[PDB]
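A.B. asks: After the structure tokens below, expect a handful of questions from me.
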Amino acid sequence: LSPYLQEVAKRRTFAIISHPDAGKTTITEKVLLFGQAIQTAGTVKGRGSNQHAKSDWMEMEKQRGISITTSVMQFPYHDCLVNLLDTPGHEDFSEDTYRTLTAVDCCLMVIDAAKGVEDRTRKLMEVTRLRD
Amino acid sequence: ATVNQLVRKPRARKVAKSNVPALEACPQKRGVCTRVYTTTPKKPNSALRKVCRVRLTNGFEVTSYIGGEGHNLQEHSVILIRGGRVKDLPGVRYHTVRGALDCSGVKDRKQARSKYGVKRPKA
Amino acid sequence: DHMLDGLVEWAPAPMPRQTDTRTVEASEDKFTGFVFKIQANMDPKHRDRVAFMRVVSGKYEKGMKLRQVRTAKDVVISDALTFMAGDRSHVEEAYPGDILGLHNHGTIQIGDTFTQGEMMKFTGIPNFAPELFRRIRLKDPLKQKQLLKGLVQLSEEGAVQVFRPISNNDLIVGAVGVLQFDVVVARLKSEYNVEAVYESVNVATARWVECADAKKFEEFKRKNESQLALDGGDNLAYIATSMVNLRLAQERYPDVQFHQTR
Amino acid sequence: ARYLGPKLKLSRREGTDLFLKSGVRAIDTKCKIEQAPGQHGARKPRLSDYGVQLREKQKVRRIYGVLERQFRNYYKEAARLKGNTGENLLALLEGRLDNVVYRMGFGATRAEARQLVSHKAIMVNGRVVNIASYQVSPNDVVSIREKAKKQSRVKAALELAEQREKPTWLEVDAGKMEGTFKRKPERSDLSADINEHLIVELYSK
Amino acid sequence: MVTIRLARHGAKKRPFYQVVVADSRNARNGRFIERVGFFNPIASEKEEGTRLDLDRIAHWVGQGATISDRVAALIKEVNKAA
Amino acid sequence: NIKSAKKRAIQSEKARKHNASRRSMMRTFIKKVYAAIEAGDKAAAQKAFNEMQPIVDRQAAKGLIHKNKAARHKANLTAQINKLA
RNA sequence: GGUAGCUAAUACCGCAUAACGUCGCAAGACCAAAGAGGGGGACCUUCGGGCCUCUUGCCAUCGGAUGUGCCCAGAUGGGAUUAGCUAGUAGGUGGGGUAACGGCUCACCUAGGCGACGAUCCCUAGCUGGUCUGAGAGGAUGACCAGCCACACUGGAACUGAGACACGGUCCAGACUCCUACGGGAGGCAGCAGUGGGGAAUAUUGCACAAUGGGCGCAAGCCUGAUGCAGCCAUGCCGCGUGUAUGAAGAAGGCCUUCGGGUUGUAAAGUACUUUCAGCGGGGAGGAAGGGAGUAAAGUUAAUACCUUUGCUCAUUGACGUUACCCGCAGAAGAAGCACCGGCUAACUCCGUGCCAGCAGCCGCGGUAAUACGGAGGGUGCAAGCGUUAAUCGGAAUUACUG
């Protein structure tokens, strides 16, 4: 329990994947208020929940349409220090997501319960089993 | 004439006038190129000289010659003008550099390619 | 919050990454990161690029000296980013499992392994090849760098990559999947006030970017040069019309790949 | 930064022998010399006051292997130098180490007298001289590199050498391979088809 | 504080200082009063290597003037009267 | 501005205040001697002048009314005080 | 940050003490300051250290040197399609002021003061050393380097201090921008590197204080994008190399020919030969002087202590650095282009072409056999460059003082 192996063991670095328009980016914004990084919160496209609070979709065009490339996050939850990724949904668009998986030790898949399992959901599991 | 006179109203030099005043008296200039026309030269000669009216960067708009047989230029484009007049077409006091910015060098030219901008074709 | 409780409770501490040398334990000391991404760098006052590194083992500390295994050149670190949510932050010192940012100047690529000395490279990282189309020919009737500069700055990133033939103009871009739109959009966001549109271009390949022994290459860089291109990063590439004209090209032979390398 | 091509093609334009293809059989000929420096050599070049003035130096350069960008300065040099700038330019042109080499027969042509002064195979009062442009003062003694002394070449050179006009301001040897710069060449002990003024003028315009 | 020091008037790698009386504050090669010798850190075992108007240096020290510590290493590495 | 020597600011303020009064005492005293003149009290004049004579010399040696400045004050004072009294 | 309270010093402040000082003709007035270290025999006293002492430090008066003020004259752009300009304006007197003279300020008083040798007013502009050009007289210019000046977001102001009206200080106003829990806050790269912007176009978010020099410090030492190196770019000036020899009635090929041949052409081949410079390998100057540890010096002193000094002993100090340089290894291997050929201007033809296409610095080329167009052959001139455009002086005795 030296100050080194302690810092190491209390860390946890993960993905967040799914099929386009599932909930990545939203569940992420919410994970951020459970980490005291965002004192309020928002939505997406800065939409239905008002206030110029969208957010944390880096870029710009993202806020015009809907999501582009992996934003990365570090915050403290409970006894841990989480490193959070935000993987883009779209066939042509990424790439990147795949390379991003290379930085995660584990992974969380969001599923639209109104849609079930969609196309890039199935394709993402294949990519996942590559690294068990 | 007289010293006293020269002493008084002293001799005054007569400044020179740059035949090419598309400002700054600088190497060359970038220009938007307003139109791409062709005209006829003075009495002795008779061709269909190619020219373009270019909106320089400094605001002056000016007509320039397109040296070489054929060019890619048209409507918009963005040539870069040089200097040297075109004693055959008056008003044409500038030459657009070939193979610079939006301008394509003369296709196939093999002699004195430094001008007309072209690269050594398979030595 | 449950799924988070579940996250904290069950999910792995930093894991071992494989290399062509050994199983690299997270527990080890001696810093060992590996990049993995050079994010779509806008970015508020710089080209930055800031390569995103994973940190497999060892503790990073601000003034430490590291070794870029690939280029085999030892590099001292000072400005090493810590990303507080899509936002640069200064800067601290890191432990395995975190994500660190650097500063790409044609020195970093994708899968560039950094150690404290151990010459070895992480067997991971995908890096696949683009399809194509394009010819951004720009409204804004030029400039010309900002467009190009924009393109030779979105290209040391992993998504796309440009292609500029030996005719100065004729700019080709290729080509993640088909979202050639972020390009247009980053052509009037990020830090370039260009506009830009498209066309169709007689290019199937992709291409594939070659080099090996001398003289022979200079005979190659000549014969099929028509036809030959050069990239942002100052090398190399061909650009073909179809598959048959791709095969015959390589078939000129026998000098090297294939090569994509992003 | 040297010729590197049809060297006779040159001496044919100068209508004289520039000591180029010296080697074995000295005293040129055998190549068409004269009647065809090109594709119209047959012609009668009724040249201008310019011609018989540029061709003069265009010669002097070649009769030494020196170039323009540099020749000029030699002239500029001679100019500052008191006395007939004409003979002076010569004094400096002859004073070239690449020249003192060849001139002391330590090498066939003034061309073959370079590949070595260049490839460190000579020297002065010590220090091996790498630049085929060193300016040899008085007394300054050379000496083929004690190293690659007498080799499958330089030997065959000294042969025709000492059987040539033979200088007057150098005290060469033979097996000891190491001449000396006894004194700076006066005007009387050197010349031929070479005019001073005729060149000292071209640089006055 | 009129300190006698050296200015680097050499050339890439081959320096060539110069002892000079100058108002302590000025730049290295900045304004000064009067060159008073030099210093050649090359020379190579031959004839020269340094020169100093020793009987002038004293005139300054006389009106109070601190000497560099690298300037002092010269005032003696070359003796005083022998 | 984030530069350690900013304590040179608060360090100055201190002396600014200090001097201010010192100096403010300086004149206020000199004045009393002028008041006597615009009145004609040669007695109170030489008086205020003496209770100032040293008070001016002091803040001088301290360094606020530096050298000469001192002389002048007493000088053109001792001159007017008798010139018409 | 706010209020209360305690605490030290070379912080601050009296008193004392005073000349060679300030005020005053003189008599006499009145002015100052800090201590802190390394030691060390007496004696040792309230044995804290008093004291002896060297060592740095403080006060005061007069000086040295440097640095800065300030004043006068001459000179230092263009414009009269700028001819009149000025009231603190010009001088006086007298208070105040300044470090100092001074309209600096104020009061009073004379009424002046500058100007066609060009004031005033516009436009432009950092000045000199010098730089480029020229035979020179001159013309042009003032990047790099050094002297002087000025500014440091815009405008204004003072404070502190020897010195600032203060690039990385402060106060105010202005414009802009950044943080905020919304009440209030913060900042200015014309320091280095860097991004945006503009442009025909101008460099790496590098290394080290090792050397020279600066600030503090008794010293060691700390700080130092000053400096010294490095990284990028043929932008340039000076080098240098891409091979040196030898070689036939003179290859094939190309190109011209009245076909008899000429020419690229010794050019290539072939034959010998050298390997600088690169690439690979080794060995390795100089930029280092110094400081840091001990022994001695009528060195002073009460002292072999402590301090300095000078010899001497050992250990040791560089970024550049896989240095500069030197020796092999291999092998001509790895390294030539650009402009030009009617004339000025060195340098020729064929073909195509047809006043079309196009050339052009000026004259001037092209309407069928064009050395001036495009290509080919050939030739000419420059060479890591060559050309073009741009700009300056020259030629321009084409503002002519020389002329």
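Ordering of the structure tokens sets the chain letters (A, B, ...); residue numbers start at 1 within each chain; ligands are numbered from 1 in the order shown.
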Give me the residues within 10 Å of residue 32 (chain E) as a ChimeraX atom specification, counting only C-alpha atoms (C1' of nucleotides) and dropping any in the same chain fewer than 4 places off.

C.D. replies: /E:2-5,7,20-24,26-28

A.B. asks: Applying 9 Å and only C-alpha atoms (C1' of nucleotides), which residues near residue 183 (chain C) remain after dropping the ones on its own chain fewer than 5 positions away? List them as an NGL selection string.

C.D. replies: :C and (150-151 or 154 or 160 or 188 or 196)

A.B. asks: Keeping only N, CA and C atoms, write those residues as a tab-separated table (two decimals), in the first residue's frame.

C.D. replies:
```tsv
chain	number	residue	atom	x	y	z
C	150	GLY	N	-4.94	24.27	-43.36
C	150	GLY	CA	-6.05	23.60	-42.71
C	150	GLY	C	-5.99	22.11	-42.97
C	151	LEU	N	-5.71	21.76	-44.22
C	151	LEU	CA	-5.67	20.36	-44.63
C	151	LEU	C	-4.40	19.64	-44.15
C	154	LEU	N	-5.26	19.02	-40.39
C	154	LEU	CA	-6.24	18.04	-39.98
C	154	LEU	C	-5.74	16.66	-40.37
C	160	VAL	N	-8.79	11.72	-41.56
C	160	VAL	CA	-8.42	11.79	-42.97
C	160	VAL	C	-6.94	12.07	-43.15
C	188	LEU	N	-14.48	25.93	-42.28
C	188	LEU	CA	-14.95	27.21	-41.73
C	188	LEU	C	-15.35	27.06	-40.26
C	196	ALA	N	-14.95	26.01	-49.34
C	196	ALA	CA	-14.61	24.75	-49.99
C	196	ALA	C	-15.78	23.81	-50.35
```

A.B. asks: What's around residue 261 (chain C) at 9 Å? Count only C-alpha atoms (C1' of nucleotides), leave out sequence neighbours fewer than 2 positions away in its own chain, and write the answer as a list in words.

C.D. replies: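 Close residues of residue 261 (chain C): residues 109, 110, 127, 128, 129, 208, 209 and 259 of chain C.
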
A.B. asks: Quick one: write out the picked residues with N, CA and C atoms as a PDB file, in the first residue's frame?

C.D. replies:
```
ATOM      1  N   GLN C 109       3.258  10.043 -34.207  1.00  0.00           N
ATOM      2  CA  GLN C 109       2.304   9.501 -35.159  1.00  0.00           C
ATOM      3  C   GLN C 109       1.185   8.820 -34.389  1.00  0.00           C
ATOM      4  N   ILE C 110       0.755   7.677 -34.897  1.00  0.00           N
ATOM      5  CA  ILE C 110      -0.198   6.849 -34.192  1.00  0.00           C
ATOM      6  C   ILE C 110       0.485   5.545 -33.799  1.00  0.00           C
ATOM      7  N   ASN C 127      -5.103   1.485 -37.295  1.00  0.00           N
ATOM      8  CA  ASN C 127      -4.616   2.201 -38.475  1.00  0.00           C
ATOM      9  C   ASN C 127      -4.990   1.523 -39.783  1.00  0.00           C
ATOM     10  N   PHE C 128      -6.165   1.830 -40.316  1.00  0.00           N
ATOM     11  CA  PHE C 128      -6.497   1.304 -41.633  1.00  0.00           C
ATOM     12  C   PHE C 128      -6.480   2.359 -42.740  1.00  0.00           C
ATOM     13  N   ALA C 129      -6.728   1.896 -43.961  1.00  0.00           N
ATOM     14  CA  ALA C 129      -6.547   2.691 -45.168  1.00  0.00           C
ATOM     15  C   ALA C 129      -7.847   3.325 -45.626  1.00  0.00           C
ATOM     16  N   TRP C 208      -1.404   4.565 -50.215  1.00  0.00           N
ATOM     17  CA  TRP C 208      -0.227   3.695 -50.495  1.00  0.00           C
ATOM     18  C   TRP C 208       0.951   4.549 -50.980  1.00  0.00           C
ATOM     19  N   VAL C 209       2.031   4.485 -50.212  1.00  0.00           N
ATOM     20  CA  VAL C 209       2.966   5.589 -50.083  1.00  0.00           C
ATOM     21  C   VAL C 209       4.397   5.025 -49.929  1.00  0.00           C
ATOM     22  N   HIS C 259       2.295   0.407 -48.009  1.00  0.00           N
ATOM     23  CA  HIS C 259       2.364   1.426 -46.953  1.00  0.00           C
ATOM     24  C   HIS C 259       1.198   2.423 -46.806  1.00  0.00           C
TER      25      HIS C 259
END
```

A.B. asks: For chain E versus chain G, which residues have an atom no more than 8 Å away, and what is each residue's nearest atom pair and distance in Å rounded to one decimal, using only C-alpha atoms (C1' of nucleotides), chain-then-number order, as a tab-separated table?

C.D. replies:
```
residue	atom	partner	partner_atom	distance
E:1	CA	G:66	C1'	6.6
E:2	CA	G:66	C1'	6.1
E:6	CA	G:212	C1'	6.7
E:7	CA	G:212	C1'	6.5
E:8	CA	G:212	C1'	6.2
E:13	CA	G:287	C1'	7.0
E:14	CA	G:287	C1'	7.6
E:17	CA	G:212	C1'	7.9
E:23	CA	G:66	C1'	6.2
E:25	CA	G:214	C1'	7.2
E:27	CA	G:213	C1'	7.3
E:28	CA	G:213	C1'	5.3
E:30	CA	G:146	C1'	7.2
E:31	CA	G:147	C1'	7.4
E:41	CA	G:287	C1'	7.2
E:42	CA	G:286	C1'	7.3
E:63	CA	G:65	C1'	5.2
E:64	CA	G:65	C1'	6.7
E:70	CA	G:289	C1'	6.4
E:73	CA	G:289	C1'	7.0
```

A.B. asks: For chain G, work out the contacting residues on chain C at 9 Å, counting only C-alpha atoms (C1' of nucleotides), and write them as a list in words.

C.D. replies: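 Going by the stated atoms only, the list reads residues 44, 45, 46, 47 and 191 of chain C.
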
A.B. asks: Deliver the residues from the most recent selection as a file, using N, CA and C atoms, as a compact mmCIF listing (two decimals), in the first residue's frame.

C.D. replies:
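Below is the file result-v4.txt, written as the result:
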```
# COMPACT_ATOMS: atom_id res chain seq x y z
N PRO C 44 -8.20 26.57 -29.76
CA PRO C 44 -8.11 27.96 -29.28
C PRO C 44 -6.69 28.45 -29.10
N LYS C 45 -6.16 29.05 -30.17
CA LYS C 45 -4.80 29.60 -30.25
C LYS C 45 -3.60 28.62 -30.40
N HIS C 46 -3.68 27.67 -31.35
CA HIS C 46 -2.54 26.83 -31.78
C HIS C 46 -2.88 25.75 -32.81
N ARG C 47 -1.85 25.18 -33.42
CA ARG C 47 -2.00 23.93 -34.15
C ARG C 47 -1.95 22.79 -33.14
N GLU C 191 -9.46 27.15 -37.12
CA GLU C 191 -8.86 28.46 -37.38
C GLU C 191 -8.59 28.72 -38.86
```

A.B. asks: Would you kindly report the residues of chain B within 8 Å of chain G, using only C-alpha atoms (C1' of nucleotides), as a list in words?

C.D. replies: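 Written out as asked, the residues are residues 11, 12, 13, 14, 25, 26, 27, 28, 29, 30, 45, 46, 47, 68, 69, 82, 83, 84, 86, 87, 112, 114 and 115 of chain B.
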
A.B. asks: What would the file look like if the residues just selected were written as a short mmCIF file (atom, residue, chain, number, x, y, z; two decimals), in the first residue's frame with N, CA and C atoms?

C.D. replies:
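Output contents, as saved in out.cif:
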```
data_model
loop_
_atom_site.label_atom_id
_atom_site.label_comp_id
_atom_site.auth_asym_id
_atom_site.auth_seq_id
_atom_site.Cartn_x
_atom_site.Cartn_y
_atom_site.Cartn_z
N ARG B 11 19.44 73.73 -57.99
CA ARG B 11 19.04 72.75 -58.98
C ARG B 11 18.21 71.65 -58.37
N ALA B 12 17.10 71.31 -59.03
CA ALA B 12 16.20 70.28 -58.53
C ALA B 12 16.17 69.01 -59.38
N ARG B 13 16.42 67.87 -58.74
CA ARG B 13 16.41 66.58 -59.41
C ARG B 13 15.00 66.31 -59.92
N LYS B 14 14.87 65.37 -60.86
CA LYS B 14 13.56 65.02 -61.40
C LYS B 14 13.25 63.53 -61.17
N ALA B 25 5.94 48.81 -55.17
CA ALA B 25 7.18 48.66 -55.89
C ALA B 25 7.75 47.40 -55.24
N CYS B 26 7.04 46.29 -55.41
CA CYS B 26 7.47 45.03 -54.85
C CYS B 26 7.38 43.91 -55.90
N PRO B 27 8.34 42.96 -55.88
CA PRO B 27 8.46 41.81 -56.77
C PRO B 27 7.26 41.41 -57.61
N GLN B 28 6.18 41.00 -56.96
CA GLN B 28 4.96 40.58 -57.66
C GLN B 28 3.73 40.75 -56.76
N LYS B 29 2.52 40.54 -57.27
CA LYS B 29 1.35 40.70 -56.43
C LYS B 29 0.31 39.66 -56.74
N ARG B 30 -0.53 39.37 -55.74
CA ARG B 30 -1.58 38.37 -55.86
C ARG B 30 -2.88 39.05 -56.28
N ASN B 45 1.28 44.39 -85.96
CA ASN B 45 1.02 43.00 -85.64
C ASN B 45 -0.44 42.65 -85.58
N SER B 46 -0.76 41.38 -85.71
CA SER B 46 -2.14 40.97 -85.68
C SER B 46 -2.35 39.56 -85.19
N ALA B 47 -2.64 39.44 -83.90
CA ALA B 47 -2.89 38.16 -83.28
C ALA B 47 -4.22 38.26 -82.53
N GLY B 68 2.55 32.49 -73.37
CA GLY B 68 2.61 31.07 -73.66
C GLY B 68 1.36 30.63 -74.39
N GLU B 69 1.46 29.50 -75.10
CA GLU B 69 0.34 28.96 -75.88
C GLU B 69 -0.69 28.16 -75.06
N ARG B 82 3.45 39.87 -62.41
CA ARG B 82 4.87 40.19 -62.38
C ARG B 82 5.32 41.60 -62.77
N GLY B 83 5.65 41.80 -64.03
CA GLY B 83 6.11 43.10 -64.48
C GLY B 83 6.40 42.99 -65.96
N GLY B 84 7.17 43.93 -66.51
CA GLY B 84 7.47 43.87 -67.93
C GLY B 84 6.20 44.14 -68.72
N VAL B 86 3.92 45.05 -72.43
CA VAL B 86 3.61 44.27 -73.62
C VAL B 86 3.46 45.21 -74.81
N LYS B 87 4.57 45.86 -75.18
CA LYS B 87 4.61 46.80 -76.29
C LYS B 87 3.96 46.23 -77.55
N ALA B 112 13.24 26.99 -72.44
CA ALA B 112 13.15 28.12 -71.52
C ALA B 112 11.87 27.91 -70.72
N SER B 114 11.75 27.81 -67.50
CA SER B 114 11.83 28.54 -66.24
C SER B 114 10.68 29.54 -66.24
N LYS B 115 10.45 30.16 -67.39
CA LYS B 115 9.36 31.11 -67.59
C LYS B 115 8.25 30.18 -68.06
#
```

A.B. asks: Quick one: residues within 12 Å of residue 83 (chain F), only C-alpha atoms (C1' of nucleotides) counted, chain neighbours fewer than 3 positions away excluded, as a PyMOL selection string?

C.D. replies: chain F and resi 37+40+42+76-80

A.B. asks: Deliver the residues from the most recent selection as a file, using N, CA and C atoms, as a tab-separated table (two decimals), in the first residue's frame.

C.D. replies:
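Writing the result to selection_4.tsv gives the following:
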```tsv
chain	number	residue	atom	x	y	z
F	37	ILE	N	6.16	86.87	9.09
F	37	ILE	CA	6.62	87.92	8.19
F	37	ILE	C	5.46	88.74	7.65
F	40	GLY	N	4.93	90.82	10.84
F	40	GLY	CA	5.93	91.76	11.35
F	40	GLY	C	6.50	91.41	12.71
F	42	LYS	N	9.20	90.21	14.24
F	42	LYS	CA	10.62	89.89	14.15
F	42	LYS	C	11.02	88.96	15.29
F	76	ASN	N	17.17	82.52	2.10
F	76	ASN	CA	16.28	83.60	1.70
F	76	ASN	C	15.29	84.00	2.81
F	77	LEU	N	15.32	83.26	3.91
F	77	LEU	CA	14.46	83.56	5.05
F	77	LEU	C	15.16	84.56	5.95
F	78	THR	N	16.37	84.20	6.37
F	78	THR	CA	17.18	85.05	7.22
F	78	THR	C	17.41	86.38	6.53
F	79	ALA	N	17.23	86.38	5.21
F	79	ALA	CA	17.43	87.58	4.40
F	79	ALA	C	16.22	88.51	4.46
F	80	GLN	N	15.03	87.93	4.34
F	80	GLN	CA	13.81	88.72	4.38
F	80	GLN	C	13.45	89.15	5.79
```

A.B. asks: Go through F:52, F:30, F:81, F:35 one by one, measure the shortest atom-to-atom distance of each to chain G using only C-alpha atoms (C1' of nucleotides), and give the residue with the smallest value.

C.D. replies: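 Distance minimum relative to chain G lands on F:52.
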